[PDB]
Amino acid sequence: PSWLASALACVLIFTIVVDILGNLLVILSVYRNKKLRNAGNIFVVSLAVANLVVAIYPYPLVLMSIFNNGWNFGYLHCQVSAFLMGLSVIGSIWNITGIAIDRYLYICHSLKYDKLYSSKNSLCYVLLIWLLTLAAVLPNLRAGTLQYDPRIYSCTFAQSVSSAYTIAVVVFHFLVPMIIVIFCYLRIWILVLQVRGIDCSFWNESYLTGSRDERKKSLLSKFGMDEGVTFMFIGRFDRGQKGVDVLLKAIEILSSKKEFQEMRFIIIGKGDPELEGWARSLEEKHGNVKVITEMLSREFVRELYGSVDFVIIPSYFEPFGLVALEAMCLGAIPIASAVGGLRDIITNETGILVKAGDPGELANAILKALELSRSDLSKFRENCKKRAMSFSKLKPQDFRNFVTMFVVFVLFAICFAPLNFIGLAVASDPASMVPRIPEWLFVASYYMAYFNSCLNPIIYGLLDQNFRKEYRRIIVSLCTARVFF
Ligand SMILES: COc1ccc2cccc(CCNC(C)=O)c2c1
């Protein structure tokens with residue numbers, strides 16, 4: 001391990017150099033560029049400062065202590081260096097949490113409003129984060145959980161001092177931010193796919209001829225049934241995916257009610273033959289229920305969306321649910337299950353939301369849909385059309401910034417995943433897990449987390465076009481001089 005000592009010194013030498021130069025460039029680039037001068041990027045400046053703190057005083061002492069093979073400085077120099085390392089690591093994960101919340105609210109704001117998301121309170125949330133990070137690192141001085149570790153030649157937070165302090169540090173300052181951020185970028189990725197998936201040039205009301213009342217009367221006549229509140233279902237027949245079984249059980253509940261005579265049902269799909277029989281059974285017993293097992297054209301489905309009054313989406317698990325959004329394009333008021341994706345698309349103003357897997361509540365939701373006059377429906381169709389219109393509005397946008405900030409988080413998660421995992425293993429039995437954990441695994445977990453501090457500016461340049469432009473802009477301005485001929 002003689003060479004392993006010099007190699008460890010190189011990793012830090014690289015980190016210190018790239019951090020000091022790189023994160024200083026990030027601070028300048030945001031102030032210099034008008035494109036990067038937005039309020040939502042105050043967190044980026046705050047995260048870069050957190051990265052700079054460790055390369056100025058803690059890391060340099062750790063670098064000497066590799067060569068010295070011990071702590072040749074005081075106890076205050078150990079307690080303070082461990083403290084600034086805390087504010088940095090804890091500050092970095094909460095700043096990344098801030099950006100993840102900021103960017104999720106940004107897509108939601110651009111959907112509901114024509115004006116861009118201002119990020120007006122960005123400076124206040126940064127100060128709140130630093131008051132939170134200080135409140136978590138500060139009690140480690142009095143408890144005495146900060147001490148030198150010879151293996152990693154540094155003064156850090158010892159995971160073997162108090163297991164209660166480590167479990168709280170792993171849950172509240174790693175597992176808690178991780179969940180918040182993974183959920184945020186999950187909801188962003190769905191909304192970007194919904195923007196991608198919609199086609200306002202195909203699913204357009206223009207393609208339809210006469211009035212909705214005339215087109216509904218025409219569609220119902222061809223199916224052999226008179227005028228009424230027409231409901232539609234479209235999707236494969238399955239016991240626990242698209243929930244055709246929930247709809248079928250609900251029609252039976254409604255068949256006895258005097259309100260059923262004023263209803264019309266057009267079920268479309270194919271799957272489980274038992275469900276296919278159940279549907280055809282009600283088609284016989286009731287003349288207001290029509291089943292289509294055949295595959296209908298995208299052109300005809302578009303005409304159906306434009307003619308029917310409602311579209312029932314009783315799906316158990318629907319992640320995107322473009323069908324709900326496609327129906328809204330042609331004024332079909334959706335009645336859908338409160339599932340992830342459908343919860344995003346359907347507003348309380350646009351459609352009716354119901355609990356997934358309940359035929360009772362769906363029957364009452366279909367009843368609520370029936371207890372609505374021609375005047376009430378016309379505004380609901382308008383809102384449905386306006387909501388689908390806002391999704392296509394975001395199509396020309398450059399979603400490249402969301403990828404960079406996601407890569408920033410992804411890399412942070414890789415660097416600190418072993419350190420927080422070892423911290424849980426050590427928390428089980430501190431006396432037993434000290435030799436049970438391999439030395440290479442302990443050293444690698446710590447130095448990965450150290451290298452992370454210089455990673456963020458390298459990522460900004462290789463992915464964000466505006467950052468790469470301003471890096472060369474500042475570099476050339478200080479290299480080249482001014483002279484007169
Ligand atoms: C919890 O507070 C601190 C205070 C100082 C630190 C200094 C260096 C590194 C860490 C993270 C090590 N925590 C885990 C759970 O692995 C610190 C954490």
# chains A, B, ... in the order shown; residues from 1 in each chain; ligands from 1
call {"tool": "select_by_dssp", "arguments": {"residues": "segment 74-295 of chain A", "states": "strand (DSSP E)", "output": "PyMOL selection string"}}
result
chain A and resi 146-149+154-157+229-234+263-268+289-292
call {"tool": "write_last_selection", "arguments": {"atoms": "N, CA and C atoms", "output": "short mmCIF file (atom, residue, chain, number, x, y, z; two decimals), in the first residue's frame"}}
result
data_model
loop_
_atom_site.label_atom_id
_atom_site.label_comp_id
_atom_site.auth_asym_id
_atom_site.auth_seq_id
_atom_site.Cartn_x
_atom_site.Cartn_y
_atom_site.Cartn_z
N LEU A 146 -16.78 13.91 16.30
CA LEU A 146 -15.76 14.26 15.31
C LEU A 146 -14.39 13.88 15.85
N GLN A 147 -13.65 13.03 15.12
CA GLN A 147 -12.30 12.57 15.49
C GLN A 147 -11.53 12.06 14.26
N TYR A 148 -10.19 12.07 14.35
CA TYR A 148 -9.27 11.64 13.29
C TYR A 148 -9.35 10.12 13.06
N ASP A 149 -9.29 9.70 11.78
CA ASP A 149 -9.25 8.30 11.37
C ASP A 149 -7.94 8.08 10.59
N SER A 154 -7.70 11.71 7.77
CA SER A 154 -8.55 12.89 7.91
C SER A 154 -9.33 12.96 9.21
N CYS A 155 -9.78 14.18 9.56
CA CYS A 155 -10.63 14.46 10.71
C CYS A 155 -12.06 14.59 10.21
N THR A 156 -12.84 13.53 10.43
CA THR A 156 -14.22 13.39 9.96
C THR A 156 -15.18 13.04 11.12
N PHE A 157 -16.47 12.84 10.77
CA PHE A 157 -17.52 12.40 11.66
C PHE A 157 -17.38 10.89 11.79
N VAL A 229 -76.88 10.75 -22.29
CA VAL A 229 -75.51 11.06 -21.86
C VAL A 229 -74.65 9.84 -22.20
N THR A 230 -73.83 9.97 -23.25
CA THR A 230 -72.99 8.89 -23.76
C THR A 230 -71.63 8.87 -23.06
N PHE A 231 -71.29 7.70 -22.52
CA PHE A 231 -70.05 7.38 -21.83
C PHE A 231 -69.24 6.46 -22.71
N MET A 232 -67.92 6.55 -22.64
CA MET A 232 -67.04 5.74 -23.47
C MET A 232 -65.89 5.13 -22.67
N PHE A 233 -65.50 3.91 -23.04
CA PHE A 233 -64.34 3.20 -22.51
C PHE A 233 -63.52 2.69 -23.67
N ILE A 234 -62.19 2.85 -23.60
CA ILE A 234 -61.29 2.37 -24.64
C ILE A 234 -60.00 1.89 -23.96
N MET A 263 -78.89 7.07 -19.67
CA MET A 263 -77.48 6.77 -19.95
C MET A 263 -77.31 5.90 -21.21
N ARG A 264 -76.13 6.01 -21.84
CA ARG A 264 -75.67 5.26 -23.01
C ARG A 264 -74.20 4.87 -22.77
N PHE A 265 -73.83 3.61 -23.03
CA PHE A 265 -72.46 3.14 -22.79
C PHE A 265 -71.86 2.49 -24.04
N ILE A 266 -70.66 2.94 -24.45
CA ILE A 266 -69.91 2.44 -25.61
C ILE A 266 -68.56 1.92 -25.11
N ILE A 267 -68.47 0.60 -24.84
CA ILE A 267 -67.25 -0.08 -24.35
C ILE A 267 -66.45 -0.59 -25.55
N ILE A 268 -65.14 -0.27 -25.60
CA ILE A 268 -64.25 -0.66 -26.69
C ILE A 268 -63.00 -1.30 -26.08
N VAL A 289 -76.27 -0.35 -23.71
CA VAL A 289 -74.87 -0.76 -23.58
C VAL A 289 -74.43 -1.46 -24.88
N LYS A 290 -73.37 -0.93 -25.54
CA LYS A 290 -72.81 -1.47 -26.78
C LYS A 290 -71.34 -1.83 -26.58
N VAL A 291 -70.94 -3.03 -27.03
CA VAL A 291 -69.56 -3.51 -26.88
C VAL A 291 -68.90 -3.67 -28.26
N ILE A 292 -67.64 -3.20 -28.39
CA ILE A 292 -66.84 -3.28 -29.62
C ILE A 292 -65.53 -3.99 -29.27
#
call {"tool": "select_by_dssp", "arguments": {"residues": "segment 279-482 of chain A", "states": "helix (DSSP H, G or I)", "output": "CSV table (one decimal) with C-alpha atoms, in the first residue's frame"}}
result
chain,number,residue,atom,x,y,z
A,279,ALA,CA,-69.6,-7.2,-21.4
A,280,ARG,CA,-71.6,-9.0,-24.2
A,281,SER,CA,-74.0,-10.3,-21.5
A,282,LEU,CA,-75.0,-6.7,-20.4
A,283,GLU,CA,-75.1,-5.8,-24.1
A,284,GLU,CA,-78.0,-8.4,-24.4
A,285,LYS,CA,-79.7,-7.6,-21.1
A,298,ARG,CA,-57.2,6.2,-34.8
A,299,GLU,CA,-59.4,8.3,-37.2
A,300,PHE,CA,-62.6,6.8,-35.8
A,301,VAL,CA,-61.4,7.0,-32.1
A,302,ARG,CA,-60.8,10.7,-32.8
A,303,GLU,CA,-64.5,11.0,-34.0
A,304,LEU,CA,-65.6,9.0,-30.9
A,305,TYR,CA,-63.7,11.4,-28.6
A,306,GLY,CA,-65.4,14.4,-30.3
A,307,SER,CA,-68.9,12.9,-30.1
A,322,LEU,CA,-52.1,10.0,-23.0
A,323,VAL,CA,-55.7,8.7,-23.7
A,324,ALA,CA,-57.1,11.0,-21.0
A,325,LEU,CA,-55.3,14.0,-22.5
A,326,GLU,CA,-56.2,12.9,-26.1
A,327,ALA,CA,-59.9,12.8,-25.1
A,328,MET,CA,-59.7,16.3,-23.6
A,329,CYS,CA,-58.3,17.5,-27.1
A,342,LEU,CA,-53.8,11.0,-14.4
A,343,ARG,CA,-53.6,13.1,-11.2
A,344,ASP,CA,-51.3,15.5,-13.0
A,345,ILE,CA,-53.3,15.7,-16.3
A,359,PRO,CA,-67.2,0.3,-8.5
A,360,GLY,CA,-69.5,2.0,-6.0
A,361,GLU,CA,-67.8,5.4,-6.1
A,362,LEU,CA,-67.4,5.2,-10.0
A,363,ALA,CA,-71.2,4.5,-10.2
A,364,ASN,CA,-71.8,7.7,-8.1
A,365,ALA,CA,-69.2,9.6,-10.2
A,366,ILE,CA,-71.1,8.5,-13.4
A,367,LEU,CA,-74.2,9.7,-11.5
A,368,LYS,CA,-72.6,13.1,-10.8
A,369,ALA,CA,-71.6,13.3,-14.5
A,370,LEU,CA,-75.3,12.7,-15.4
A,374,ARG,CA,-75.7,21.4,-21.3
A,375,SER,CA,-74.5,24.8,-19.9
A,376,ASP,CA,-72.3,23.3,-17.1
A,377,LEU,CA,-70.7,20.8,-19.7
A,378,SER,CA,-69.7,23.6,-22.3
A,379,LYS,CA,-67.3,25.3,-19.8
A,380,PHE,CA,-65.9,21.8,-18.7
A,381,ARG,CA,-65.1,21.0,-22.4
A,382,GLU,CA,-63.5,24.5,-22.8
A,383,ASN,CA,-61.2,23.8,-19.8
A,384,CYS,CA,-60.4,20.3,-21.1
A,385,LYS,CA,-59.4,21.8,-24.5
A,386,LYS,CA,-57.4,24.7,-22.7
A,387,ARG,CA,-55.6,22.1,-20.5
A,388,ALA,CA,-54.5,19.9,-23.5
A,389,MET,CA,-53.5,23.1,-25.3
A,390,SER,CA,-51.0,24.0,-22.5
A,391,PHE,CA,-49.2,20.6,-22.9
A,392,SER,CA,-48.4,21.2,-26.6
A,393,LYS,CA,-47.2,24.8,-25.7
A,400,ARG,CA,-31.4,20.1,-21.7
A,401,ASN,CA,-31.0,22.0,-18.3
A,402,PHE,CA,-33.2,19.3,-16.6
A,403,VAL,CA,-30.8,16.6,-17.8
A,404,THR,CA,-27.6,18.4,-16.5
A,405,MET,CA,-29.2,19.0,-13.0
A,406,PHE,CA,-30.3,15.3,-12.9
A,407,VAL,CA,-26.7,14.2,-13.9
A,408,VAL,CA,-25.4,16.5,-11.0
A,409,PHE,CA,-27.7,14.7,-8.5
A,410,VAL,CA,-27.1,11.2,-10.1
A,411,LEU,CA,-23.3,11.6,-9.6
A,412,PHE,CA,-23.7,12.9,-6.1
A,413,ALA,CA,-25.8,9.8,-5.2
A,414,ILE,CA,-23.1,7.4,-6.6
A,415,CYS,CA,-20.3,9.2,-4.6
A,416,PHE,CA,-22.1,9.2,-1.2
A,417,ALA,CA,-24.1,5.9,-1.6
A,418,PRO,CA,-21.2,3.7,-0.2
A,419,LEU,CA,-20.4,6.2,2.7
A,420,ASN,CA,-24.1,6.2,3.9
A,421,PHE,CA,-24.3,2.4,3.4
A,422,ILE,CA,-21.2,1.8,5.5
A,423,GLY,CA,-22.6,4.2,8.1
A,424,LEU,CA,-25.7,1.9,8.5
A,425,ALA,CA,-23.5,-1.3,8.8
A,426,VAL,CA,-21.2,0.4,11.4
A,427,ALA,CA,-24.5,1.6,13.2
A,428,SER,CA,-25.5,-2.1,13.8
A,430,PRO,CA,-19.8,-0.4,16.1
A,431,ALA,CA,-17.3,-2.7,18.0
A,432,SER,CA,-17.9,-5.7,15.7
A,433,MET,CA,-18.1,-3.8,12.3
A,434,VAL,CA,-14.8,-1.9,12.7
A,435,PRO,CA,-12.7,-4.9,11.4
A,436,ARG,CA,-15.6,-6.6,9.5
A,439,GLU,CA,-10.2,-1.3,4.4
A,440,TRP,CA,-10.3,-0.6,0.6
A,441,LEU,CA,-14.2,-0.3,0.8
A,442,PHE,CA,-13.9,2.2,3.7
A,443,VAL,CA,-11.2,4.3,2.0
A,444,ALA,CA,-12.9,4.2,-1.5
A,445,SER,CA,-16.3,5.3,0.1
A,446,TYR,CA,-14.7,8.3,1.7
A,447,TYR,CA,-12.4,9.5,-1.2
A,448,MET,CA,-15.4,9.1,-3.7
A,449,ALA,CA,-17.3,11.6,-1.6
A,450,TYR,CA,-14.2,13.8,-1.6
A,451,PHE,CA,-13.8,13.7,-5.4
A,452,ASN,CA,-17.5,14.7,-5.8
A,453,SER,CA,-16.6,18.3,-4.6
A,454,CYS,CA,-14.7,19.0,-8.0
A,455,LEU,CA,-17.2,17.0,-10.2
A,456,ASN,CA,-20.1,19.6,-10.6
A,457,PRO,CA,-18.1,22.2,-12.7
A,458,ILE,CA,-16.8,19.4,-15.0
A,459,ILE,CA,-20.5,18.2,-15.6
A,460,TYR,CA,-21.7,21.9,-16.2
A,461,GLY,CA,-19.2,22.3,-19.1
A,462,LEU,CA,-19.7,18.9,-20.8
A,463,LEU,CA,-23.6,19.1,-20.8
A,465,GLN,CA,-24.0,24.7,-23.8
A,466,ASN,CA,-24.2,28.1,-22.0
A,467,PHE,CA,-21.7,27.1,-19.3
A,468,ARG,CA,-19.2,25.8,-22.0
A,469,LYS,CA,-19.5,29.1,-23.9
A,470,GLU,CA,-18.8,31.3,-20.7
A,471,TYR,CA,-15.9,29.0,-19.6
A,472,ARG,CA,-14.0,29.8,-22.9
A,473,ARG,CA,-15.2,33.5,-22.7
A,474,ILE,CA,-13.6,34.1,-19.2
A,475,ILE,CA,-10.5,32.0,-20.1
A,476,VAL,CA,-9.7,34.0,-23.3
A,477,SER,CA,-10.5,37.4,-21.6
A,478,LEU,CA,-7.8,36.8,-18.9
A,479,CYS,CA,-5.3,35.1,-21.3
call {"tool": "closest_residue", "arguments": {"among": "A:46, A:480, A:6, A:162", "to": "ligand 1", "atoms": "only C-alpha atoms and all ligand atoms"}}
result
A:162
call {"tool": "atom_distance", "arguments": {"atom1": "atom CA of residue 98 of chain A", "atom2": "atom CA of residue 118 of chain A"}}
result
14.9 Å
call {"tool": "residues_around", "arguments": {"residues": "segment 131-142 of chain A", "least_positions_apart": "3", "cutoff": "8 Å", "atoms": "only C-alpha atoms", "output": "ChimeraX atom specification"}}
result
/A:79,83,86-87,90-91,94,127-128,145-146,157
call {"tool": "atom_distance", "arguments": {"atom1": "atom CA of residue 64 of chain A", "atom2": "atom CA of residue 15 of chain A"}}
result
14.5 Å
call {"tool": "closest_residue", "arguments": {"among": "A:224, A:241, A:179, A:215", "to": "residue 101 of chain A", "atoms": "only C-alpha atoms"}}
result
A:179
call {"tool": "residues_around", "arguments": {"residues": "residue 239 of chain A", "least_positions_apart": "4", "cutoff": "9 Å", "atoms": "only C-alpha atoms", "output": "number ranges by chain"}}
result
A: 243-246, 272, 275
call {"tool": "closest_residue", "arguments": {"among": "A:81, A:194, A:72, A:2", "to": "ligand 1", "atoms": "only C-alpha atoms and all ligand atoms"}}
result
A:81
call {"tool": "atom_distance", "arguments": {"atom1": "atom CA of residue 16 of chain A", "atom2": "atom CA of residue 52 of chain A"}}
result
8.7 Å
call {"tool": "residues_around", "arguments": {"residues": "residue 43 of chain A", "least_positions_apart": "2", "cutoff": "8 Å", "atoms": "only C-alpha atoms", "output": "list in words"}}
result
residues 40, 41, 45, 46, 47, 95, 96, 98, 99, 122 and 126 of chain A
call {"tool": "write_last_selection", "arguments": {"atoms": "N, CA, C and O atoms", "output": "mmCIF file, in the first residue's frame"}}
result
data_model
loop_
_atom_site.group_PDB
_atom_site.id
_atom_site.type_symbol
_atom_site.label_atom_id
_atom_site.label_comp_id
_atom_site.auth_asym_id
_atom_site.auth_seq_id
_atom_site.Cartn_x
_atom_site.Cartn_y
_atom_site.Cartn_z
ATOM 1 N N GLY A 40 -33.541 31.202 -10.433
ATOM 2 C CA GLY A 40 -33.559 29.768 -10.150
ATOM 3 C C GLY A 40 -32.177 29.143 -10.044
ATOM 4 O O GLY A 40 -32.040 28.025 -9.535
ATOM 5 N N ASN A 41 -31.141 29.870 -10.515
ATOM 6 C CA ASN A 41 -29.746 29.435 -10.500
ATOM 7 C C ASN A 41 -28.952 30.032 -9.319
ATOM 8 O O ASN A 41 -27.718 29.975 -9.322
ATOM 9 N N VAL A 45 -25.158 28.563 -7.426
ATOM 10 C CA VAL A 45 -24.115 29.402 -6.831
ATOM 11 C C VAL A 45 -23.868 28.921 -5.392
ATOM 12 O O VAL A 45 -22.711 28.722 -5.015
ATOM 13 N N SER A 46 -24.958 28.679 -4.622
ATOM 14 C CA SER A 46 -24.928 28.192 -3.238
ATOM 15 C C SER A 46 -24.260 26.808 -3.141
ATOM 16 O O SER A 46 -23.459 26.586 -2.234
ATOM 17 N N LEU A 47 -24.561 25.904 -4.093
ATOM 18 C CA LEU A 47 -23.986 24.556 -4.172
ATOM 19 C C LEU A 47 -22.479 24.618 -4.520
ATOM 20 O O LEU A 47 -21.701 23.818 -3.990
ATOM 21 N N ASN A 95 -28.962 21.612 -1.145
ATOM 22 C CA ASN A 95 -28.976 22.554 -2.266
ATOM 23 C C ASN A 95 -29.469 21.844 -3.516
ATOM 24 O O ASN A 95 -30.250 22.423 -4.271
ATOM 25 N N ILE A 96 -29.052 20.570 -3.705
ATOM 26 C CA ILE A 96 -29.476 19.709 -4.813
ATOM 27 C C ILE A 96 -31.000 19.430 -4.668
ATOM 28 O O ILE A 96 -31.706 19.378 -5.683
ATOM 29 N N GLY A 98 -33.145 21.558 -3.277
ATOM 30 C CA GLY A 98 -33.725 22.847 -3.647
ATOM 31 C C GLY A 98 -33.962 22.987 -5.139
ATOM 32 O O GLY A 98 -35.074 23.323 -5.554
ATOM 33 N N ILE A 99 -32.922 22.685 -5.954
ATOM 34 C CA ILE A 99 -32.949 22.715 -7.423
ATOM 35 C C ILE A 99 -34.020 21.735 -7.938
ATOM 36 O O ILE A 99 -34.814 22.109 -8.799
ATOM 37 N N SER A 122 -35.909 32.751 -3.956
ATOM 38 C CA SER A 122 -34.702 31.914 -4.075
ATOM 39 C C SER A 122 -33.607 32.243 -3.041
ATOM 40 O O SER A 122 -33.007 31.315 -2.496
ATOM 41 N N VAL A 126 -32.226 29.659 0.293
ATOM 42 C CA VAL A 126 -30.789 29.362 0.400
ATOM 43 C C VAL A 126 -30.351 29.580 1.858
ATOM 44 O O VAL A 126 -29.722 28.692 2.437
#
call {"tool": "closest_residue", "arguments": {"among": "A:159, A:206, A:51, A:119", "to": "ligand 1", "atoms": "only C-alpha atoms and all ligand atoms"}}
result
A:159
call {"tool": "closest_residue", "arguments": {"among": "A:23, A:109, A:68, A:102", "to": "residue 394 of chain A", "atoms": "only C-alpha atoms"}}
result
A:109
